[PDB]
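Residue strings, one per chain:
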Amino acid sequence: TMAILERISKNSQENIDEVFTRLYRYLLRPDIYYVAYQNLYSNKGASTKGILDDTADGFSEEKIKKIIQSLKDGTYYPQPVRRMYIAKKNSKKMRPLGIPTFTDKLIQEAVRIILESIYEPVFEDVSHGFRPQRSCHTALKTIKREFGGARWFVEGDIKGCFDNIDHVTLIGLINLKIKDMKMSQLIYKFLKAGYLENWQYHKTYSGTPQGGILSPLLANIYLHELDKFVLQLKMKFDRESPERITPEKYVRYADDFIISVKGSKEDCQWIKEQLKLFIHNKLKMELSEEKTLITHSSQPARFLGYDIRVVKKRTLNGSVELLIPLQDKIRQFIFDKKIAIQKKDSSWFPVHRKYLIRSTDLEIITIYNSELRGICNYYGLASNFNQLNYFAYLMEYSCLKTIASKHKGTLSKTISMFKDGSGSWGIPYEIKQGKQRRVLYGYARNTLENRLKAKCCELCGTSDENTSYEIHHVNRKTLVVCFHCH
RNA sequence: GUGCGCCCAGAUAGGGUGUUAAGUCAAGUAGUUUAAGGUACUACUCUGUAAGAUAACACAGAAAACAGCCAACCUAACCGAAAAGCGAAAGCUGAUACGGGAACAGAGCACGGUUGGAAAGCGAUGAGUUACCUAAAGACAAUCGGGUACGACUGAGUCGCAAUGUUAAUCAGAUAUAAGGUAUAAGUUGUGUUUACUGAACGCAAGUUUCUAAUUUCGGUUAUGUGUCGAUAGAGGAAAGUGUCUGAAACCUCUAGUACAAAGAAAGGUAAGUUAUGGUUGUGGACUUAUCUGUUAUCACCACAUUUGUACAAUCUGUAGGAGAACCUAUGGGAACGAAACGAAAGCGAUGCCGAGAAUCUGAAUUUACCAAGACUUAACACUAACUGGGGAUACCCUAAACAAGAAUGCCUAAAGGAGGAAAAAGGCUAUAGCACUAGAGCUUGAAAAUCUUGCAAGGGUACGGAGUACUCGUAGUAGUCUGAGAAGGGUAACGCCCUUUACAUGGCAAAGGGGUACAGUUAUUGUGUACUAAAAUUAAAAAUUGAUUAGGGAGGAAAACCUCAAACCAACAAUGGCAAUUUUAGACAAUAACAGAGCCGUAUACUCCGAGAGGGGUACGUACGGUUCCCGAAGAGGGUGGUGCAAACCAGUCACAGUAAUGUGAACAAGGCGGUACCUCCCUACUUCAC
RNA sequence: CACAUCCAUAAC
């Protein structure tokens, strides 16, 4: 099993208490050891962790490596590292994985002790964010609507954790709170096994086939720990700056950073000097365009997707700070898949998209319901409500045009209703496509309901056509409903 | 596998286009010239003149024959099923009855013939089931108070617009390579639109098209619409403009929806460009310009919707730059300062092609000036088609014929007489238990009527959609001095293409589909070279050595500062070194199996639509020929064959008993034959759809 | 500042 790590972080040769911290962690310290015995030990399965859903398959424990685990094995486990990066549809945050390997999943149970030992009470919010919660999007809508009296903002340029890696600092920082000063040598012997293969002398990391889920877990600890020594200058900087204008905050992410409470430009000279010496000494990487060239102030630039306001667009400002969606994130992902075409002439129009005749009938609508449902997790709160209504005009006609193009105009008619709507009535008689008219968290979720909500099953949020349902049963005995996901 | 769809001949079986000799009908009604001609002229009737109701009077216009859109209706063509025939069935063929009936594509084979004057759509909505404010601060009283075009919805009534295309002429010439719009392409991949390419045939070549565009209330606000906040214009402003009650001198509706001046400044319709645009043509509906005659008199009064010009400031309006949200320079509301989409695309230019009101003018013209195909019929000539008429190879399925190969007979008395004396297996003729195999059994019978595999003879259906070459069968006869050129070739063009010369006969297209034998080129399975040479980066980078350098243990359990038990090893920051791989610099390789079609340019030759023309977009890349990159298709369901389980049933001594034999029989998933089901697939084939 | 959304028929 994994009983070797349990006898390392508990003792730690505290005398002289090591770990982090050592002034406000005494009663809440043994609470982690109680969980690391019946939960992440684990059973051990069989039923533990796996790539398929969550529950793994059956093994001989597990199957033979866990039998002889205290005697290293393997030594030193090569496993090459190849270039791999997964791009998401929203929020430019590279979350790569790795080559699926049964040995890779055995390390996930060992790194959880490191994460739980820092998450309380030091590390806050797993995967970016600032305030500690239980999700990922709960710290991107409430924190931005708090402070912000001196307006302005700071964007980002390069990354600073994935590209230029100091290698030694990445390992030389975690051992300061886990590795013991005396009798400690079975920790960092398996972290240097991920030697990258790209005709260059480097090691860790650029993949990572050695650890798919292990990469996002260690990337947040290396970036948050280095900011602890920086707090001595940011807390002493917001003295006369917030009280200069009134009367009439440093949120971190994955690759970019923002700086709130500024003013004036004479005080911003220390931003490109105090923060530059910390990166050149620790991270050892030259900054790009001085980082990040203050535009001062309001300008439709590109930054993640939440343009902090300090047609289409709509300039809305006042006393508090809100969020306005910019137009740079909607002019890239659309043209790469040929969803809408600008000019041409007129303005915005769908068609078709590609291809004309493909798949069947249920597989076409599922693609549109899989790309529009995830927008609520990101663009679920925005002051520019009129912009979300214009974007729905390019999706209500694009999903239906692909269906009518499969049957062309040499067959019969189609059966549909009104999805505006409620509904569901109105049976139009058409052959081709078209006939007539086919704050807090918050209210932006209703925008997705006006598109395709239920026609007319009402079960989860998707809807198809009356000429594509499969006759089946539930197990008001039966009802002609859809059957694809459940 | 989009009905037919290939190649080579022709000219009403059934039909179309173009060029002529001719005939017939029509011009609202007369006259003149004149003619079975014709919108010119004169008189007259009627209609349009609402570019703002109507009258008087000048211009544009009056029919008919066709093409073509549609509704209601006979039957032949096509089909799931008739009937009647055929090796009695693998399948084909409709003089009929019952059924969609311009057949679902008419755009290259017409369906035809009457009546009727109208249908789908796009704007206006008649009837029903039914949703929200109320001019006043709110609620209630369904008090038709006020309704019910902001309608949702069931389902369609009644009016405009698809409901006319064509309907030709008083002459000629000049500004005529005029003012500027179709050609001169597809497709693949480099990507900051950089000039990237093969067997590009076209270049030069940089930033183009286009929108945020009008400010003393399109102020804070979309391509549309509704509602309410602030600056001001405050008449109403708790006994409500139906009925009643209860709180603030402050918030709702409405109103100065530009300070103003000058010329159009209202409902429709017609004739040309943009709008409907995603990859294109085109039939419909909304906005600009222009048009929808002169003149007299009751008829023009009016708050608006816009353009141009002028003045000023705010709503914190753009770029560079600057700056305490309540600001600060230049510029003046994109003054090329940003951004997105565009990947030899926009502009420009050479060459080539085309000629509309005959822009603008010179001679006009003259018995009121002089024009010969709009439509139908008939005759003749040139030319063409997926139509008609000839022609039937390579692979499968099924059946007939006591043709044949792979097998001929069961007992008793005891080799012979005898089952020619008695009867039962085996075969065959019915019903039927049963999934099949096997029949129980009367009779026939003790070699007979199709048990199977397969050959010969013969027949039906289908492969009658282009992939790079070289060919074997049906073949140089049915179109043979051709439309792919015969021999040599002149020039140009990528191959085609054009011109000239020319053998009177197996010179040439040697008429298509579909296979096989070798080989570029791709997908998939398996297999294979794994220093043929030097060098660079090195993947394995784990090991020994390169260090006299910092901190290091190897089973488990338990609070923080630790407490109990059993009892030297090793790592990193890195270097060198041969060994096996790849890339760069330099002198991956086989076998086997299958092969598909979205286009584009141009010659020759057939239809439809748009435009006055160059042409483009479709019709199987339109059907051939030639060139040519891009690009290696799928699902479902039968007829065969092969591999591999479970369950159930029957029949012979397959096992046992009685018995002359056949049979009976507890007992066959201790299975001999055989089949259903489950069932991953191989192979073959338009079996039926989809990708065009 | 807030809520609801408008373009068909036909030919591959």
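Residue indices run from 1 on each chain, following the sequence as it is written; they may not match the entry's numbering, and residues absent from the coordinates are omitted. Chains carry letters from A onward and ligands carry numbers from 1 onward, assigned in written order. Here the side-chain values reflect all heavy atoms present in the structure, with hydrogen atoms and water set aside.

Per the deposition metadata, cryo-EM was the technique used to determine this entry, at a resolution of 3.80 Å.

Undergrad: Can you help me understand the overall build of chain A in this one?
TA: Helix and strand labels come from DSSP, where a helix needs a run of H or I of at least four residues and a strand needs a run of E of at least two; each type is numbered from the N terminus. On a plain count of helices and strands, chain A comes out with 13 helices and two strands. Along the longest, intermediate and shortest principal axes, the C-alpha atoms of chain A span 85 × 70 × 50 Å. Buried residues in chain A amount to 38% of all 486 residues. Within the structure as shown, chain A displays about 31000 Å² of accessible surface, and the carbon and sulfur contribution to it stands at 58%. Distance from the positive charge centre (77 side chains) to the negative charge centre (54 side chains) of chain A: 4 Å. Only protein chains enter the calculation, and the probe is 1.4 Å; a residue is then buried if its accessible area is under 20% of its type maximum, exposed if over 50%, and partly exposed in between. Under the convention used here, a 1.4 Å probe and the Shrake-Rupley method define accessible areas, while residue burial counts only the protein chains that appear. The charged-residue count follows a simple rule in which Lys and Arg add positive charge and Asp and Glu add negative charge, with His and chain termini not counted at all. Working definition for charges: the position is that of NZ of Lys, CZ of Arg, CG of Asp or CD of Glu.

Undergrad: Quick question: what am I supposed to make of the environment of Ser298 here?
TA: As for its position among the elements, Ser298 is in the loop between α8 (271-283) and β1 (307-308). Put simply, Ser298 and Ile308 are ten residues apart on the chain and 8.6 Å apart in space, counted from C-alpha to C-alpha. Between two residues, a contact is recorded if the distance between any of their heavy atoms is within 4.5 Å. With residues up to four places along the chain from it excluded, the contact list for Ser298 reads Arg309 and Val310.

Undergrad: It is not clear to me how the protein's contact with RNA strand B should be interpreted in this structure. Could you clarify?
TA: Nearness is judged by heavy atoms alone; a residue qualifies as near a molecule or strand once a single heavy atom is within 4 Å of it. Around RNA strand B, 59 residues are found, and the nearest of them are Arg29, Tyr33, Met181, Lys192 and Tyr195. Here the atoms of RNA strand B within 4 Å of the protein split so that 65% fall in sugar or phosphate, with bases taking the remainder. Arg7 has a polar side-chain atom sitting 2.8 Å from a sugar or linking oxygen of RNA strand B. The side chain of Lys10 places a nitrogen or oxygen atom 2.7 Å from a base nitrogen of RNA strand B. When contributions to the surface near RNA strand B are tallied by element, the ones reaching two or more residues are α1 (3-9), α2 (30-35), α7 (242-245) and α11 (385-391). Here the term charged refers only to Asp, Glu, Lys and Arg, the term nonpolar to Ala, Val, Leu, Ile, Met, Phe, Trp, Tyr, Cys and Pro, and the term polar to all other amino acids, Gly among them. Partitioned by chemical class, the residues of the surface near RNA strand B number 25 nonpolar, 14 polar and 20 charged. Think of a polar contact as two N or O atoms within 3.5 Å of one another; within protein, one of them needs to be a possible hydrogen donor and the other a possible acceptor, and neighboring residues in sequence only count if both atoms come from side chains.

Undergrad: Any chance you could explain the protein's contact with RNA strand C here in plain terms?
TA: In the vicinity of RNA strand C, 19 residues are found, and the nearest of them are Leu316, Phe385, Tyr393, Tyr397 and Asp420. The sugar-phosphate share of atoms of RNA strand C within 4 Å of the protein amounts to 84%. In the model, a phosphate oxygen of RNA strand C is placed 3.4 Å from a nitrogen or oxygen of the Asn450 side chain. Mapped by element, the contributors of at least two residues to the surface near RNA strand C are α11 and α13 (446-451). Per-element accounting of the surface near RNA strand C gives the leading share, three residues, to α11. When its residues are assigned to classes, the surface near RNA strand C shows seven nonpolar, five polar and seven charged.

Undergrad: Please explain the side chain of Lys419 as it appears in this structure.
TA: Its place among the elements puts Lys419 in the loop between α12 (398-407) and α13. Among all residues touching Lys419, those that are not within four sequence positions of it are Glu396, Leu400, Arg438, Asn450, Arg451, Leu452 and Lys455.

Undergrad: Honestly, empty space enclosed by the protein in this entry has me stumped. Any pointers?
TA: In this approach, a probe sized like a water molecule rolls over the atoms, and the result shows the empty space that is left. By volume, the largest cavity is sized at about 200 Å³. Together, 17 residues line the largest cavity, and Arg95, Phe162, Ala219, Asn220 and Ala254 are the ones closest to its centre. Taken together, the residues of the lining of the largest cavity sort by class into nine nonpolar, four polar and four charged. Buriedness for pockets is judged along seven lines, at least five of which must meet protein on both sides within 12 Å for an open set on the 1 Å grid over protein atoms alone, while cavities are sets there where a 1.4 Å probe fits but cannot get out, and lining residues have an atom within 4 Å of a point. Grid points are joined across faces, edges and corners, and a volume is the space filled by probe spheres set on the points.

Undergrad: Mind showing me how you'd approach the packing of helix α9 (residues 362-372) against α12 here?
TA: Each pair of packed helices gets described by two things: the angle between the helix axes and the distance between those axes. Contact geometry for α9 and α12: axes closest at 10 Å, N-to-C directions at 165 degrees. Comparing the axis directions of α9 and α12 gives the class roughly antiparallel. For the element pair α9 and α12, the recorded crossing hand is right-handed. From α9, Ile364, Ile365 and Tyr368 reach across to α12, where they touch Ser398, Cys399, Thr402 and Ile403. Here the residues of the contact of α9 with α12 are counted per class, giving five nonpolar, two polar and no charged. For helices, the axis comes from a line fit to the C-alpha atoms of the stretch in contact; other axes are also lines fit to C-alpha atoms, and the angle between any two N-to-C directions lies between 0 and 180 degrees. Each angle receives one of four descriptions, namely roughly parallel if under 35 degrees, roughly antiparallel if over 145, roughly perpendicular if within 65 to 115, and oblique otherwise. Left-handed describes a crossing whose near helix is turned anticlockwise from the far helix through less than a right angle; right-handed describes the clockwise counterpart.

Undergrad: Looking at this structure, how should I read the pattern of salt bridges?
TA: Note that side chains of opposite charge can pair when their charged atoms are close. Every case where a carboxyl oxygen of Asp or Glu lies within 4 Å of a side-chain nitrogen of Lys or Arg is listed as a salt bridge. Across all of its chains, the model carries eight salt bridges by this definition. Of the charged contacts, one joins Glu14 and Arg29 as a salt bridge, the two residues approaching to 3.0 Å between their closest N and O atoms. Of this pair, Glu14 sits in the loop between α1 and α2 while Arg29 sits in the loop between α1 and α2, and the two are 15 residues apart along the sequence. Overall, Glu14 belongs to the partly exposed group, its relative accessible area being 25%. With a shortest N-O distance of 2.9 Å, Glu225 and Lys177 are connected by a salt bridge. In this pair, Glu225 is assigned in helix α5 (residues 214-226) and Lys177 in the loop between α4 (168-172) and α5, connecting sequence segments 48 residues apart. For the pair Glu225 and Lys177, a shared accessibility class is recorded, and that class is buried.

Undergrad: Just to check I follow, could you spell out a nonpolar patch on the surface for this structure?
TA: Here the term patch refers to residues with relative accessible area over 30% and no salt bridge, with like charges joined within 9 Å and nonpolar side chains (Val, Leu, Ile, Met, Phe, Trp, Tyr) within 5 Å. Taken together, the side chains of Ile64, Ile67, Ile68 and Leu71 make up a nonpolar region of the molecular surface, amounting to roughly 430 Å² of accessible area. With respect to the helices and strands, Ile68 occurs in the loop between α2 and α3 (108-116). Its relative accessible area of 41% is what places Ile68 among the partly exposed residues.

Undergrad: Honestly, the nonpolar core in this entry has me stumped. Any pointers?
TA: Nonpolar side chains in soluble globular proteins tend to end up buried together. Among the nonpolar cores identified, the biggest contains 15 residues, and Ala340, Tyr368, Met395 and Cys399 are the most heavily contacted of them. Elements supplying a minimum of two residues to this core: α9 and α12. Ranked by the residues each element gives to this core, the list is headed by α9, at four residues. Among residues more than four places away in sequence, those in contact with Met395 are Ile339, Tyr368, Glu371, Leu372 and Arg451. The set of buried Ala, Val, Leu, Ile, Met, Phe, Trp, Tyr and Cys residues whose side-chain atoms join them within 4.5 Å is what this entry labels a nonpolar core. Formed by eleven residues, the second largest nonpolar core is a distinct cluster that contains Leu170, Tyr205, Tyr222 and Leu283.

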